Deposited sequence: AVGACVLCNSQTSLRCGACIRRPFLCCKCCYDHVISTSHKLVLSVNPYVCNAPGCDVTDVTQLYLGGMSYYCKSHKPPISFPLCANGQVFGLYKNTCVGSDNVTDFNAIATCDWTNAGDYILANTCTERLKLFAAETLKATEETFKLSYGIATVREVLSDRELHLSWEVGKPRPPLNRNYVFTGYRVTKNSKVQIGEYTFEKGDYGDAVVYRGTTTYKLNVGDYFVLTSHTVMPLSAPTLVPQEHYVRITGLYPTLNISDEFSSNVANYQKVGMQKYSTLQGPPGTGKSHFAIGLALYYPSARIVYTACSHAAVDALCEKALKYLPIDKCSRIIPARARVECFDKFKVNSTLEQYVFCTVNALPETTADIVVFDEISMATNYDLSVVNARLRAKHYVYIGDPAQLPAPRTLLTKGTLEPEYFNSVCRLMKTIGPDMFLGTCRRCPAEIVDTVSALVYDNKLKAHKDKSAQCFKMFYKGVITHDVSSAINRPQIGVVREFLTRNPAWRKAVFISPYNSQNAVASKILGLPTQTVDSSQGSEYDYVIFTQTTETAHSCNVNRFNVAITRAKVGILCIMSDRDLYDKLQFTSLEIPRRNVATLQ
């Protein structure tokens, strides 16, 4: 009942009962809230409701303090005070942006813009509210009941009537009922269980709706600059492998937090692990939102750090297969590799947060709350893909609005930029350098002369919403016969349904752009599939073409991005 004001920190008893996160508001702010919004319920110790029997006036603007209780205009005694008057709501210890956060449904881009341009306390309010809204939306979906079981990796389902049916992608992770998490892919559909279990007819699933905890720690701790490297002890014998990164490693030690923008294949993992060899006594916790990102940092550490002081932290409710070569769940090892949602409450000399484009402000806050550290290092690239915002359907979320770190990176610039791509043939580096990196990304490799573009709109069919372009797969099939070296290619498209069809027709291994992020392949085949806002997204496009080490074939739908590709055009 006692708390501080989410806007101005002022002590109050007043919470908003109409906000989904019931924030503590001061007398001055609670007034400015209730008088501007449909939010009229105010809670102190006792709710601001008419105490008169059978009266249902709950609106604070229609209520009065009658002695020691609260009454409406129809029930107030002669000596009574309006709870709402003179710019204040009556309470103990006696806002435009807060209002918009409190009352938005989080389906508009402008909602995410505001949640990232506001004050720091409003960013935590925004993040809590958003995640609460996202979770409470997950209740509105319909139960999937198994009608039959075809085989080991295929079945049919019976859906609840009335409640909408959620899009069948690997994105939407269910829970089985108490038989661990389950995911679905395009009447023969494909059942994929994180735990091997004999599919039962009658058993049913529901989306993993975890309860949103309150946020205490900021997204970003306040910045501190030091005159000397603080609480870290550098070697003077530093392997020539990591000589390039010495000045940036010293920058890391002379600031509380630091931001690294690394375009694809510019040496982010190398930088992160090389920080451990430069401060060799320092305890480092390596963290990222996904298991794949953490497993990429584990692989690079296996190559350079002693396997005895490494621990891969695995949440007891083990979802998908991950890194199996460290000691598991040893929190006290010098090197700890853990997803954000599984971080223990510990301390560190250095925390490295990797794949920062994919972090939400919720994730940025949780990390500050679970890890107290001398130095925080934010590694990723605002020109790559963000976390999916399941509720956002109107407007596109720009990179400066992904999270606080990306906002800093896109406004004041990053502290440290990795300027040289070592992965991609120059055709790809030159294309994305001009597209998303203001020409500051440089090619190490020569042009491969194995980067092809073909402008072929084909025919777009839809599996519900997820798109298919069979003619674009037909053009690939034809190219593969004439280019049999490309049979080792990973097939990449912005749609699971396109990937499902290309898997069956081409036999190539298959990846969505979004699941390709962080990975590299010698040869990539990319079918754009459609020219939608999703397939033409410059960040998604950037990721798609920078997966390739040697060659890439791009079958394009969008004239704009086709023309920007500095690739040899094919005919047919």
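Of the deposited sequence, the ranges 95-102, 186-193, 203-206, 593-601 have no C-alpha coordinates according to the record.
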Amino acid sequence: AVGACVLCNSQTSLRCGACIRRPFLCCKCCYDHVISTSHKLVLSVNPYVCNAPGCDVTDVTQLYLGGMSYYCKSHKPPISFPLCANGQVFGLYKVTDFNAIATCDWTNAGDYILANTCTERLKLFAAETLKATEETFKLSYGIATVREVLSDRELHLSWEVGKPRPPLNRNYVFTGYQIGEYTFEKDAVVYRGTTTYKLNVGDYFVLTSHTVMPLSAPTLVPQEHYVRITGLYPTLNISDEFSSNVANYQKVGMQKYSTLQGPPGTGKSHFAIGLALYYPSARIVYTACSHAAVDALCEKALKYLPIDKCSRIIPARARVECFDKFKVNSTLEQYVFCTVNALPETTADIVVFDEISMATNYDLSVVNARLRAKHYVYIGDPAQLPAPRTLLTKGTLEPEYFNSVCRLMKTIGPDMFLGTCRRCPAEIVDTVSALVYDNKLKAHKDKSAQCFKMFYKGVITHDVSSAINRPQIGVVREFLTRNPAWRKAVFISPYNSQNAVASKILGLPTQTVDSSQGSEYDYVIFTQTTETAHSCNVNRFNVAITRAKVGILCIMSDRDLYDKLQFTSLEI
From here on, numbers count along this sequence of modelled residues.
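Whichever C-alpha set is largest while still superposing within 1.5 Å between the two forms counts as the rigid core.
Superposing on the core and measuring CA offsets in 9 other deposited structures of this protein, the stretch of 149-157 and 104-112 with the greater mean deviation is 149-157. Here the rigid core sets the fit, and in 9 other deposited structures of this protein the C-alphas of 61-69 stray farther than those of the other stretch, out of 61-69 and 518-526. Note: missing coordinates for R317 occur in a third or more of the other compared entries bracketing this position.
In this entry, the higher average B-factor at the C-alpha atoms falls on 168-176, of the pair 320-328 and 168-176. Note on 544-552 vs 19-27: mean CA B-factor is higher in 19-27. You'll see in the entry that, of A85, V352, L124, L435, the Cα B factor peaks at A85. Take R477, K440, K94, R389 and read off each C-alpha B-factor from the entry; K94 has the highest. Annotation for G67: CA B-factor lies in the highest third of the chain's modelled residues.
Remark: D415 belongs to the middle third of its chain, ranked by C-alpha B-factor as recorded. Ranked by C-alpha B-factor against the other modelled residues of its chain, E160 falls in the highest third.
Remark: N496 belongs to the lowest third of its chain, ranked by C-alpha B-factor as recorded. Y141 sits in the highest third of its chain by CA B factor, as recorded in the PDB entry.
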